[PDB]
């Protein structure tokens, strides 16, 4: 479970990244596709997977919006992300083993832009946060 300390750290990060959020999502997605090419199968309808392509920019915005919802719903991610869970299970059927990949690429992306926020205790909170989001998205698989 997330502690009140973890939730505070997550909320404080989300505040700081506002001007750069849409670029963070697009870059993180660009990272997933190139670094873990097994994920490309889910997006084989984008001809340009570079982080400045129109489809990747525009889907990076959507991801960051789904994460802004997770932040809003941080007290009960399981109830809060239920529709997104059913989507990724039943419309898209995404191997839920890919969630940890995307979380990692978001952390990496955040690190390159905001390195001073990556203290070890801050990193621990952020990782606990992305783990809980992934477990929430995994809820409706079975």
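Positions refer to the first chain, counted from 1.
Stretches compared: 97-105, 44-52. Higher mean C-alpha B-factor in the entry: 44-52.
Stretches compared: 14-22, 130-138. Higher mean C-alpha B-factor in the entry: 14-22. Annotation for 67, 111, 89, 34: 89 ranks highest, by Cα B-factor. When the modelled residues of the chain are ordered by their C-alpha B factor, residue 79 lands in the highest third. In the PDB entry, residue 57 places in the highest third of its chain by CA B-factor.
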